[PDB]
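Report on the structure given below.
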Amino acid sequence: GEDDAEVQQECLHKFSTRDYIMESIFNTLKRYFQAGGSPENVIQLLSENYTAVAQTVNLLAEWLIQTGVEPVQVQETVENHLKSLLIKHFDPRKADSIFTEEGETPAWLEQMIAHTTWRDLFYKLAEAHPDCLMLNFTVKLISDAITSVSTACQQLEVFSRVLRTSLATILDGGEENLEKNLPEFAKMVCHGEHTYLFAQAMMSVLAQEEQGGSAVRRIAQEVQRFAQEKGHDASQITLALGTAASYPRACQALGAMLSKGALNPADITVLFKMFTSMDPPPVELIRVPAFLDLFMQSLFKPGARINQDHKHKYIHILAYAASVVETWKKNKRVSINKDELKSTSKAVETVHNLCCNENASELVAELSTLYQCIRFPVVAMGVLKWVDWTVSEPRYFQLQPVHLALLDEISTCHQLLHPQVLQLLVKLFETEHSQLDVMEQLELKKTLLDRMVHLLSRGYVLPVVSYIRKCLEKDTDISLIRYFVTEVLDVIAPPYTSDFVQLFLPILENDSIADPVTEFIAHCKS
Amino acid sequence: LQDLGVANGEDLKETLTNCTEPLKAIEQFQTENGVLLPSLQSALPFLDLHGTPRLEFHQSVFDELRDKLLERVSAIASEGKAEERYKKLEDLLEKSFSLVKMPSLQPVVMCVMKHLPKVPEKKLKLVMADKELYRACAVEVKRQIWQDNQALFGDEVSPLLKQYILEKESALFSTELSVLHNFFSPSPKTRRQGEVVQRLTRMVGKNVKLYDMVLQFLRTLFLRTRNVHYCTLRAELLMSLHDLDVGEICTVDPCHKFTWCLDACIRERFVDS
């Protein structure tokens, strides 16, 4: 039958309801005026319940602006309200319907994208929807202005072009910006094993260049680390890529150890017999970072399971990894130095005995042999992981902290361990205990600040002051930053390069005392 | 709307009446009564497409922004330099009293009149004259009219005094006898808990002129009735002022200490040493 008796009431519900005149009112009005009936009382129903809420808002908003309160507060409030209403009421089906009625969203989308909050709205909408056509198109096009990983790896050509551009940005990032340039690439590579194997093979071929391919090898190892973080075993990848195929025993042994993310006396015994043979396989073959981290957590956490008949075998293989010089005569190991092996293994043995004994005062007893033996780099890493796991226990500072002293030997005597030590203390500078009160927390924080100032004195100055700026802008109270400046200007000698001033002085703007601060600011601005 | 130079519904129908292009006139009225931000004139069609009319986000921001306007009325009462803050509140008063007739800006202006010690009394006169304002007016608005003229004070204390005598007569004539209790068991502070005298204290607040006014009303009715009820209501009003710790009456009234002593006397029903 005729839908007039129902559709006219459907429209009149939206006419005679409180306050609907301002709208789909046109569509329903057309459905009614074509359906006949009483169109004169329709307009009266639209304007009867017109409460004039809009002019009420005019009065109220202009009165808030009369009050001297910032109108940008009103802008933020209205934007937050409407954006939250959108997110609560967003329908992916209707976004795809906007796509269906036309492929490119009309100018309302291109006007919203000018607003940063609406761009973030589209990011949160489309980062979770890898099949909604509107959302996928918006995220991909805004990347052309996150590139969604599903459309990043949907074909070779897109993956390759975004890969090479992102890798160019990583290489441009030097040694700091990779933290932001690598994940967008890495999470793009870490979605499938085929995009994975392709990117790893490309980086392997790129790594053969002696004009910086070492860095591409580094980034490939980092991407493999991330692929492990996504729970995907790239063991056989590194095997068939590297020289594992040159030695099947080392191949199966190492690859099994990497696939588990743990060691074992069996594969370790295989490598021990191989390197005890007259033809030891390449030391590069075992020099893999996660593998050596397995050595660390076997030898320096409490436990693990261990036999004495294999304890020395683990130790000797790690010594061979950390000691032996193989010179390539066109990829030919012809000279094998094993003369700095036995001392390294002896130091590793003694230090691992101490560390797995769960030492404090006994450390100070044999600190002589320790600082004698931290000169070995691998031993320094091992003690670093041991003291990390001891000190990372919740409330390890209420009971002896001598351990923080040992970094002084490490970082001072080993330059490349500056990034680890600071990147250890960034956790320890955020220590918080309800037992050890905020006074003691600030005491430990200031101790760690003195450690970080010393590490700055060794040249690790850009990331120290950058993180100090970040945590002041965040966490770190003004007292801690003032104490930082106190110790710094008490220890650092002029001249002060502008690479250090550019971050140290514009955060020192908060304070003017520790007077040495006045001298520093005057010298560094003049 | 015309009080500050904006149109009303009759002007809208004029804009529609006898027009060859009513639709464009309607659109012009809509433009001339919208919220004037440049992001909205594009977003209004887009949000309209959702099934959400423009008035709906207007309602949300309406609630938000008058909540903040009332917050800032209280703030400017308590914030800013004195001359500037009172100038701001009086100017905002002149802006807002044109819409006290509307259902939005009554209590806002009532707070503004609450926080100013004196006002041009035209608006207080309208507050007493109109029953809606007579209800919703803040307590200091009512105080300022009473402090400027005793008409409304007499007009509202007469029914309240009548109700107090109604309570006295009804309680004195009640037919219950027991070993358990009687009607003289409540102490004077027990009897002050009724909303009659507590509301009378709210009507007086901390003002001494209204204290004299209630004193003279109770005096006249006590001189005509020869009944102790109005005396009891004076005592209850004074000790209700003391229950609020009203220093404006308690410290200056020589009778306050003596009535406070008498309160404990009545509480034990004896005058101990």
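Simple scheme: letters A, B, ... for chains in structure tokens order, numbers from 1 for residues in each chain, numbers from 1 for ligands in the order shown.
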Considering only C-alpha atoms, tabulate each residue of chain B that lies at most 7 Å from chain A along with its nearest interatomic pair and the corresponding distance in Å to one decimal; arrange the rows by chain and ascending residue number and present them as JSON lines.
{"residue": "B:33", "atom": "CA", "partner": "A:55", "partner_atom": "CA", "distance": 6.0}
{"residue": "B:34", "atom": "CA", "partner": "A:54", "partner_atom": "CA", "distance": 6.1}
{"residue": "B:35", "atom": "CA", "partner": "A:58", "partner_atom": "CA", "distance": 5.5}
{"residue": "B:48", "atom": "CA", "partner": "A:23", "partner_atom": "CA", "distance": 5.2}
{"residue": "B:49", "atom": "CA", "partner": "A:24", "partner_atom": "CA", "distance": 6.6}
{"residue": "B:51", "atom": "CA", "partner": "A:24", "partner_atom": "CA", "distance": 6.6}
{"residue": "B:53", "atom": "CA", "partner": "A:23", "partner_atom": "CA", "distance": 4.7}
{"residue": "B:54", "atom": "CA", "partner": "A:22", "partner_atom": "CA", "distance": 5.9}
{"residue": "B:55", "atom": "CA", "partner": "A:53", "partner_atom": "CA", "distance": 5.7}
{"residue": "B:58", "atom": "CA", "partner": "A:54", "partner_atom": "CA", "distance": 5.4}
{"residue": "B:59", "atom": "CA", "partner": "A:53", "partner_atom": "CA", "distance": 6.0}
{"residue": "B:61", "atom": "CA", "partner": "A:78", "partner_atom": "CA", "distance": 6.8}
{"residue": "B:62", "atom": "CA", "partner": "A:57", "partner_atom": "CA", "distance": 5.1}
{"residue": "B:65", "atom": "CA", "partner": "A:60", "partner_atom": "CA", "distance": 5.9}
{"residue": "B:66", "atom": "CA", "partner": "A:60", "partner_atom": "CA", "distance": 5.9}
{"residue": "B:69", "atom": "CA", "partner": "A:64", "partner_atom": "CA", "distance": 6.0}
* To do: Within 7 Å of region 309-324 of chain A, counting only C-alpha atoms, which residues show up once you throw out same-chain ones fewer than 6 positions away? Write them as a list in words, please.
  =>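 Near region 309-324 of chain A, the qualifying residues are residues 265, 268, 272, 283, 286, 287, 336, 337, 338, 340, 341, 344, 345, 348, 349 and 378 of chain A.
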* **residue 186 (chain B) surroundings by only C-alpha atoms, 12 Å radius, close-in-sequence under 4 positions cut, as number ranges by chain** => B: 171, 181-182, 190-194, 263, 266-269
